[PDB]
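To start, the structure under review is shown below, and the notes come after it.
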Amino acid sequence: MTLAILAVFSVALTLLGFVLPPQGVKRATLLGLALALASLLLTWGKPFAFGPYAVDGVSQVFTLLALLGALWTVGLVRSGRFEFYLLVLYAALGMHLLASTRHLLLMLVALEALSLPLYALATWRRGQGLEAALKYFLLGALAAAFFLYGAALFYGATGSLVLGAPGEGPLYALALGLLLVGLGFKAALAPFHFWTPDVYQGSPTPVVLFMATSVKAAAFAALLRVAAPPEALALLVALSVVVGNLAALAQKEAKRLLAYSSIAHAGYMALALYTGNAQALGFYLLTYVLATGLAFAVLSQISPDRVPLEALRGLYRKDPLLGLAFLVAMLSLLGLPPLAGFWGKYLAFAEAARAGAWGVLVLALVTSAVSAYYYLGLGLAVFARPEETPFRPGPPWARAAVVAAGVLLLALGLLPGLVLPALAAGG
Amino acid sequence: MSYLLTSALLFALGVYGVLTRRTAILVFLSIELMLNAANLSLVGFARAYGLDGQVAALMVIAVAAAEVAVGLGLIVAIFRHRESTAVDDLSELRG
Amino acid sequence: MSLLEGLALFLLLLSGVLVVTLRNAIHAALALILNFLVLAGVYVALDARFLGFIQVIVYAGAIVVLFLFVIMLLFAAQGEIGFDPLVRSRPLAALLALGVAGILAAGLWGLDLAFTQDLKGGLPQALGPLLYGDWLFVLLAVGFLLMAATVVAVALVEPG
Amino acid sequence: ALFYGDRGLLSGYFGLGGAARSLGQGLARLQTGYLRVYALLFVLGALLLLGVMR
Amino acid sequence: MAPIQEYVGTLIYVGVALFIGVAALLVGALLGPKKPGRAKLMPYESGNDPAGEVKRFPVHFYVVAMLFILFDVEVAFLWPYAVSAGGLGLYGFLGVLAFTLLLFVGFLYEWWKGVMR
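Protein chains in written order, with the deposited numbering: chain N, 1 to 427; chain K, 1 to 95; chain J, 1 to 160; chain L, 552 to 605; chain A, 1 to 117.
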């Protein structure tokens with residue numbers, strides 16, 4: 001009954017914004033998200049299904065992650081337009097619906113409901129932002145067409161539109177492929193990656209935070225429901241990680257480089273899809289969401305429009321806590337011990353090796369070592385001499401958020417045997 | 001069965017449209033054609049598997065209408081002040 | 001069947017070719033409306049009647065009407081302006097279209113299905129219990145999506 | 552001579568790193584910024600996946 | 001339900017109507033003086049500029065049309081409940097009421113914001 005809370009708050013605030021100041025509307029949105037998260041906690045171990053809508057461990061964990069990312073990205077945004085919060089609420093409900101169902105068509109409806117408000121949230125009205133929004137909308141509608149024809153071929157290969165049906169040979173394979181195309185585009189996997197660098201570079205940094213956390217979480221949640229063949233999985237992972245890290249090498253801008261890094265990270269997470277453990281993936285995504293939200297909150301404190309690499313430098317001298325947290329996030333995204341990003345990486349690789357994919361796992365690891373070049377060129381740049389760069393050292397809001405994110409990262413890296421025991425039913 | 005093959009053909013036609021068209025609006029139109037090809041495949045398979053693909057396609061139509069509304073609003077906002085819609089005119093974002 | 005069925009399928013294919021070929025936006029849209037009409041006729045022939053009627057009403061009656069409104073507000077009929085022709089891209093696009101047709105043709109080839117079910121006409125009389133029922137949740141999600149789309153477009157234009 | 556040879560070996564390691572970077576910038580050059588280019592590459596990758604599935 | 005024979009009769013109706021329309025067009029086009037002149041072909045209003053050069057028309061028409069597509073989708077969903085009503089009971093009534101109220105809240109937002117713009 002968390003979806004009920006989400007829908008009630010969205011519909012109410014829609015009209016309430018006429019009599020309420022946008023600040024009051026933002027307060028209301030924050031309260032609703034926190035209350036939904038509290039309900040998710042109190043329902044831990046209470047799987048609940050009504051229709052095709054189903055809340056299980058996966059729904060709980062991934063919607064927890066999405067709610068966290070949405071709370072963080074809303075905290076930063078102070079625009080006096082309550083619609084800029086209505087859209088976030090809509091996207092949150094849509095991603096919950098996406099993660100909580102197996103019905104392909106309801107999955108499509110949830111996809112559209114979560115994706116449309118992001119297209120509008122990508123409009124700071126900066127000229128690049130319109131180009132980004134246009135590329136995003138066009139490629140997203142194309143992928144929606146592909147996913148819909150895949151659902152049709154699924155309904156062709158089997159009498160139902162719900163995943164798990166037995167499935168035919170080549171036609172079922174074709175339907176599975178046509179669903180995987182859209183799901184990977186939404187997960188920023190190569191060779192469907194081209195939109196991600198442009199969109200991350202064009203969209204405002206807090207929005208990109210929201211995206212790179214909640215969108216990736218819900219996307220991998222829905223991916224776990226598919227029975228993706230190992231050869232297709234191998235191809236996606238290889239291309240994604242290779243192109244991501246390589247093209248990230250060439251990037252001069254922090255947001256675009258992070259987009260390519262996120263392509264490589266989606267490639268990594270796609271390994272747990274071999275077995276679909278979802279405990280390994282739940283943990284991985286917990287760590288990655290925290291780290292990326294941290295990094296993008298810092299990038300938002302630096303500049304919403306665009307942050308170059310040199311802007312990151314001197315961040316320690318400016319704010320030591322911010323410099324240290326940014327370093328920790330870069331390391332957790334590199335996947336290095338003793339951090340929870342490393343534990344998520346290890347769990348995904350363990351699922352992959354259990355699936356018996358060796359060459360693919362090796363290539364992923366090589367490309368991950370390649371990623372250390374730019375991961376260090378970001379984390380260590382914090383200590384360089386401050387060049388001319390705009391710096392607004394955040395509110396205690398964002399300071400405490402970034403600090404708590406880094407602390408949770410390191411704590412679950414040191415003792416994953418605390419939360420990892422309850423990513424299943426939740427004992 | 002001819003209907004499902006015809007739907008695949010219409011899908012390919014809409015793909016060619018999306019690739020060839022210079023205008024965002026005509027790209028979106030080709031996308032709508034792809035969506036309707038999918039709806040026809042759904043209707044054939046609903047005739048096969050008992051009518052659920054009909055309600056499916058209905059929901060699909062509703063979703064298509066919503067996304068059309070949103071995308072046309074975006075197209076207008078991007079090319080109201082700006083000149084010719086040609087999508088190659090926006091190349092600022094590069095690798 | 002096949003006599004007029006082949007006719008209807010040829011009309012559908014030709015209308016799609018027109019909508020993707022013609023450089024006049026108005027002419028393409030009109031080809032697409034003809035496509036939707038032939039497709040609703042095929043729907044009726046496939047015992048889906050209410051769905052064909054809604055395809056005419058919403059898609060043809062409303063959706064492409066809004067499309068025509070947009071392209072008449074912003075003339076854009078002669079699309080080939082600001083070319084960046086990339087002539088090499090036309091044969092590559094034709095190739096990609098042929099391939100996306102061939103892979104589906106392979107997936108559906110050697111595929112025969114039991115098209116024998118008594119839909120009783122895709123009438124809303126029989127479709128209602130499915131829509132409000134098993135599909136009621138999907139319906140509510142769709143309605144929420146529509147409301148969100150209204151608010152999205154409203155805040156999206158909103159000059160200020 | 553062995554010292555200079557070790558120096559040159561380290562330089563070849565540098566050359567390998569630069570070859571990796573060059574490959575990376577070619578892959579970043581793969582993204583020109585034209586939506587038609589992005590969409591063509593997208594459809595290409597999707598067909599490649601569907602073929603691999605067999 | 002109803003037989004397909006009435007639908008074939010509907011096709012016949014359309015064919016007859018179209019044939020009669022084409023006949024009327026042939027009479028009108030063929031019977032005429034046919035003296036084209038430059039000023040006669042000139043659009044309107046004494047030399048140039050009936051409309052002349054004007055920039056893109058108001059988006060008000062776009063707004064009306066988009067509103068229309070969404071509410072027409074609404075009506076398209078309301079019709080199956082309109083036919084199958086008594087069997088769906090209070091539960092179907094409540095579901096359709098929820099759907100209607102959602103889209104009416106959307107309408108109320110767009111109205112209190114208004115489109116004179």
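For each residue, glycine too, the CB sits at the ideal point set by N, CA and C.
When the Cα atoms are used, what is the spatial distance from residue i to residue j?
i, j, result
"A:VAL14", "A:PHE99", "36 angstroms"
"J:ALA105", "J:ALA25", "30 angstroms"
"K:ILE25", "J:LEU66", "12 angstroms"
"L:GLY602", "J:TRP109", "15 angstroms"
"J:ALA155", "N:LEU121", "10 angstroms"
"J:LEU86", "L:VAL588", "10 angstroms"
"N:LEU65", "J:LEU140", "25 angstroms"
"N:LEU286", "N:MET211", "15 angstroms"
"K:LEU29", "N:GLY150", "20 angstroms"
"N:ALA404", "N:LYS255", "23 angstroms"
"N:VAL77", "N:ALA348", "34 angstroms"
"J:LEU74", "N:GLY51", "44 angstroms"
"J:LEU32", "N:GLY45", "51 angstroms"
"J:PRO159", "A:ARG117", "8 angstroms"
"N:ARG399", "N:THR14", "30 angstroms"
For my contact list, residue i and residue j are in at a C-beta cut-off of 8 angstroms; report their separation, rounded to the angstrom.
i, j, result
"K:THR23", "K:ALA65", "Their Cβ separation, rounded to whole angstroms, is 21 angstroms, which puts K:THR23 and K:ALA65 out of contact at 8 angstroms."
"N:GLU131", "K:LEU90", "4 angstroms"
"N:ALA325", "N:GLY406", "4 angstroms"
"N:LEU273", "N:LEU223", "6 angstroms"
"N:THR29", "N:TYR119", "That pair is no contact at about 19 angstroms."
"K:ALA69", "J:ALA149", "5 angstroms"
"K:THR6", "J:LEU9", "5 angstroms"
"J:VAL38", "J:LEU68", "Wrong, their Cβ atoms sit about 19 angstroms apart, outside the cutoff."
"N:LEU290", "N:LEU409", "5 angstroms"
Going by the beta-carbon positions, is the gap between residue i and residue j smaller than 9 angstroms?
i, j, result
"N:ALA295", "N:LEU239", "no"
"N:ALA34", "N:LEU3", "no"
"N:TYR53", "N:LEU106", "yes"
"N:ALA152", "N:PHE185", "no"
"N:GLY282", "N:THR213", "no"
"K:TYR49", "J:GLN55", "no"
"N:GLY413", "N:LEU339", "yes"
"A:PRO80", "J:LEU145", "no"
"L:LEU591", "J:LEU3", "no"
"N:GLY427", "N:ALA297", "no"
"N:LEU233", "N:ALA270", "yes"
"N:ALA221", "N:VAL58", "yes"
If I measure Cβ to Cβ from residue i and keep anything under 8 angstroms in the same chain, skipping five residues before and after, which residues do I get?
i, result
"J:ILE57", "none"
"J:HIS27", "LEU18"
"N:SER303", "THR205, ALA311, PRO390"
"N:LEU6", "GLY32, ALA36, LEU89, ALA92, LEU93, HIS96"
"N:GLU168", "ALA157, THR158"
"K:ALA46", "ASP52, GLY53, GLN54, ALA56, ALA57"
"K:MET34", "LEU10, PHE11, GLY14, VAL15, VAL18"
Take residue i and list the residues in its own chain whose beta-carbon comes closer than 7 angstroms to its own, dropping the five residues that flank it on each side.
i, result
"N:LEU148", "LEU108"
"K:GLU92", "none"
Are the C-beta of residue i and some C-beta of chain A separated by less than 9 angstroms?
i, result
"J:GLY128", "yes"
"J:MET1", "no"
"J:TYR43", "no"
Should residue i be flagged as near chain L, meaning a C-beta pair shorter than 9 angstroms?
i, result
"K:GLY95", "yes"
"N:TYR260", "yes"
Taking Cβ positions only, does residue i come closer than 9 angstroms to chain N?
i, result
"L:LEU567", "no"
"L:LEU586", "yes"
"J:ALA149", "yes"
"residue 118 of chain A", "Because chain A here runs from 1 to 117, residue 118 of chain A falls outside it and cannot be looked at."
Under 9 angstroms between C-beta atoms, does residue i make it to chain J?
i, result
"A:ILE69", "yes"
"A:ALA98", "yes"
At least one CB of chain K closer than 9 angstroms to the CB of residue i: is that the case?
i, result
"L:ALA571", "no"
"J:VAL87", "no"
"J:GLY82", "yes"
Apart from the five residues on each side of it in sequence, which residues of its chain come closer than 6 angstroms, Cβ to Cβ, to residue i?
i, result
"N:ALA188", "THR196, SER262, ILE263, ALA266"
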